[PDB]
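> Protein chains in written order, with the authors' numbering: chain B, 26 to 28, 35 to 365; chain A, 35 to 361.
Once you've had a glance at the structure underneath, I'll fire off some questions.
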Ligand SMILES: C[C@H](CCC(=O)O)C(=O)O
Ligand SMILES: C[C@H](CCC(=O)O)C(=O)O
Ligand SMILES: [Zn+2]
Ligand SMILES: [Zn+2]
Ligand SMILES: [Zn+2]
Ligand SMILES: [Zn+2]
């Protein structure tokens, strides 16, 4: 019959309003303060807003209703930008706290207790002076965790336990980062069902993925359209996007389904509409690869899996119900 | 004719007593806006900075140069608020310091030049406040990116006439490599201040640079961990040389004929998030005078050593005016 609230950049929404949800996206992958200090890098702020609003309208027309922007502070998350484009496009956006790959000195020097207070601040009080409350915590490793990355993982688990909001991660999938991340989260008493091990489609190792899924972890197959096939002459695009086909990444979805782990899958594009933390031309290159942007999951991956025999009701469970269970906050500890 | 401040243009004569290397708040890009509770509160930091700038003004300071860059967390709206409430001019900086984010580290020399020019000619962020100085940094031998920054800083200075000021590892003689790269871009040494030079006692390093026309920034005079020997983190940052030892370098350079190329400052700050958590309280406990330390302590110390008042006015008033006035 019933087919609690999630915080978005426009306020609370019910779990039913979330609908088709892309769990790992970015409006703009940047650096803290950068969009405000140098909007001309993106053409203009107004150009970036219009480009993002068109992109979100394209995804909405394909059925997307919510995206989770997993841009942290140090990824240059600007929640006022997310709020504006969410209003104009009528697509819900969940904002993130946490820390990504590029913390500044003022973060890198902090204690696990201090990082915990920062993450709690952005969840419980709001981000900057906007009142917008984060609905997920993003963390990152790139191989074995640095000492600071450990602190971030522990502060994230402690913030998650105190607030009920879930944790999503960036991995070097080929290095099986998810195993160490899981070990640290579990040492903090975090439930695996509140953790998504992200960028897991970057690897073909199914024994690694199914082992985490069997432990209750969510498996983020979140970069399906990332591929430099056809751009072999472009070293920067090839290093970023990899030489594995979108079809190859997509078949991991079906492989997890066939092995019984449908309930552990999350799917996304890991797209963006501006991109300043890499080489200068990279957004233009990615847009030439995938004009559909965030609409790639519903317009290309769903019809692909449907013809391989995956039932629509299974795909709806992965893209609607699974994110809903992920993002719905659990009870606060104590 | 005019110098750009966070309140707008001023004439050269309005600058008066000027501290050439200071910080309202040493932080990181976006950090003050995202986590102001680190400093108690934004209002508390404002209040602390206004009280400190008002004391410096009562001691005779009329202008400070805030050499906080984008990546040092410069918030020009904070600078504008505290300058207005303390009636002390503040000159804002562009350039890049020792903590550039990916979106900066990945940029070309041409792109960096455009960014520095924007903050000088157009304004910082959406405030309309234009930078009046370019800040650069090395910590020993320059990284490849730091070489780009020095070159972009030189090109921006040439296009606008605003001067360049540097962070050095003085005991590795960084000013020499900085001078080499600047001169390879055609930049005039008289447009360059080699900063943190009071961090070394090697006077021959300093005088060779000055004999080439450079300005020498003796800018951390009150930095000292004397009495804090059981504090490893303060000792590493502040050093174990006394403020008297740093101040004697001012007299030494005067005695060697370089009084017209000395720039003096405190390198102080009212908030400090880019180091260990307690560091601002520790620094305040050893120098409560803050930015008023130069006029309240260093001026009387030098006058007792026999430096005449006209020499001290030339260093604190005439030199900064000549340096900041765009060419
Ligand atoms: C598009 C994505 C944004 C950053 C991230 O997901 O780590 C990428 O660069 O891989
Ligand atoms: C006090 C000074 C502020 C930053 C700078 O001058 O490099 C420091 O942290 O060394
Ligand atoms: Zn990532
Ligand atoms: Zn991402
Ligand atoms: Zn410095
Ligand atoms: Zn400084």
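Beta carbons: idealized from backbone N, C-alpha and C, even for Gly.
1) Only counting runs of 4 or more residues, tell me where the alpha helix (DSSP H) segments fall wholly within the segment 209–235 of chain B, in order along the chain.
2) Tell me whether residue 130 (chain A) sits in a helix, a strand or coil according to DSSP, three-state version.
3) Identify each residue in the segment 57–90 of chain B for which the Cβ-Cβ distance to at least one residue of chain A is less than 8 Å, and report them in chain order.
4) Taking 9 Å as the CB-CB cut-off, is residue 160 (chain A) touching chain B?
5) Quick check on the DSSP output: the alpha helix (DSSP H) that includes residue 42 (chain B) runs from which residue to which?
6) Taking all protein chains shown into account, decide if residue 340 (chain A) is buried (16 or more other Cβ within 10 angstroms of its Cβ) or exposed.
7) Is residue 159 (chain B) helix, strand or coil when you go by DSSP?
8) Spatial neighbours of residue 96 (chain B) within its chain, please: CB distance less than 8 Å, with the 5 preceding and 5 following residues excluded, ordered by chain position.
9) If distances are taken between C-alpha atoms only, which option among A:117, A:208, A:317 and A:136 comes closest to residue 104 (chain A)?
10) Going straight from the alpha carbon of residue 269 (chain A) to that of residue 232 (chain A), what length do you get?
11) Tell me, which residues are paired with residue 169 (chain A) by DSSP?
12) Roughly how many whole angstroms lie between the Cα atoms of residue 144 (chain B) and residue 186 (chain B)?
13) Applying the criterion that 16 or more other CB atoms from any shown protein chain within 10 Å of the CB defines a buried residue, is residue 190 (chain A) buried or exposed?
14) Could you tell me whether any Cβ in chain B is nearer than 9 Å to the Cβ of residue 310 (chain A)?
15) So which residues on chain B does residue 348 (chain A) lean against when the C-beta distance must stay under 7 Å?
16) Could you pull the start and end residues of the alpha helix (DSSP H) that residue 353 (chain B) belongs to?
17) Whole angstroms is fine: what's the gap from residue 248 (chain B)'s alpha carbon to residue 101 (chain B)'s?
18) Would you report the Cα separation of residue 153 (chain A) and residue 241 (chain A), rounded to the nearest angstrom?
19) Please give me, in chain order, every unbroken run of the beta strand (DSSP E) with length at least 3 that falls completely inside the segment 264–327 of chain B.
20) According to DSSP, what are the bridge partners of residue 346 (chain A)?
21) Would the beta-carbon of residue 105 (chain A) be found less than 8 Å away from any heavy atom of ligand 6?
22) How about residue 105 (chain A): is its C-beta nearer than 9 Å to some C-beta of chain B?
23) Look at residue 98 (chain B) and residue 125 (chain B) and say whether their C-beta atoms are less than 9 Å apart.
24) Spell out the partners DSSP gives residue 174 (chain B) in its beta bridges.
25) For the segment 91–122 of chain B, which residues have a CB atom closer than 8 Å to at least one CB atom of chain A, in sequence order?
26) Given a threshold of 16 other Cβ atoms within 10 Å of its Cβ, counted over all protein chains shown, does residue 56 (chain B) qualify as buried or as exposed?
27) Please indicate yes or no: does the CB of residue 60 (chain A) lie closer than 8 Å to some heavy atom of ligand 2?
28) What does residue 178 (chain A) reach in chain B if we use C-beta pairs closer than 7 Å?
29) Does the distance from the C-beta atom of residue 220 (chain A) to that of residue 176 (chain A) stay below 9 Å?
30) Across the segment 299–311 of chain B and the segment 327–338 of chain B, are there enough close Cβ pairs to call them in contact, namely three or more that are closer than 8 Å?
31) Can you look up residue 101 (chain A) in the DSSP assignment and give me helix, strand or coil?
32) Mind checking whether residue 150 (chain A) and residue 168 (chain A) have CB atoms under 9 Å apart?
33) Quick one: what does DSSP say residue 60 (chain A) is sitting in, helix, strand or coil?
34) Roughly how many angstroms separate the alpha carbons of residue 205 (chain B) and residue 338 (chain B), rounded to a whole number?
35) Can residue 188 (chain B) be considered in contact with ligand 2, in the sense that its beta carbon sits closer than 8 Å to one or more heavy atoms?
36) To the nearest angstrom, how far is the alpha carbon of residue 239 (chain A) from that of residue 361 (chain A)?
Result, derived from the coordinates:
1) none
2) coil
3) 61, 62, 63, 64, 65, 67, 68, 69, 71 and 72
4) yes
5) Taken as a continuous stretch (DSSP letters only), residue 42 (chain B) belongs to no alpha helix (DSSP H), being part of the beta strand (DSSP E) at 42–45.
6) exposed
7) coil
8) 48, 49, 50, 51, 52, 122 and 123
9) A:136
10) In a straight line, the C-alpha of residue 269 (chain A) is about 16 Å away from that of residue 232 (chain A).
11) A:129 and A:199
12) 7 Å
13) buried
14) yes
15) None at all; the shortest Cβ gap to chain B is about 36 Å.
16) 353–358
17) 18 Å
18) The straight-line gap from Cα to Cα measures roughly 33 Å.
19) Annotation: the segment 264–327 of chain B contains the following complete segments of the beta strand (DSSP E) (minimum length 3 residues), in chain order: 296–298.
20) Residue 346 (chain A) pairs with nothing; no bridge assigned.
21) no
22) At a cut-off of 9 Å between C-beta atoms, residue 105 (chain A) counts as an interface residue with respect to chain B.
23) A distance below 9 Å separates the beta carbons of residue 98 (chain B) and residue 125 (chain B).
24) Paired residue(s): none; residue 174 (chain B) is not in a bridge.
25) 104, 105 and 107
26) buried
27) With a threshold of 8 Å, the Cβ atom of residue 60 (chain A) counts as near ligand 2, since some heavy atom of the ligand is closer than that.
28) Chain B residues near residue 178 (chain A): none, gap ~15 Å exceeds 7 Å.
29) no
30) yes
31) coil
32) Closer than 9 Å, so yes.
33) strand
34) 29 Å
35) For ligand 2, not one heavy atom lies less than 8 Å from the Cβ of residue 188 (chain B).
36) 27 Å
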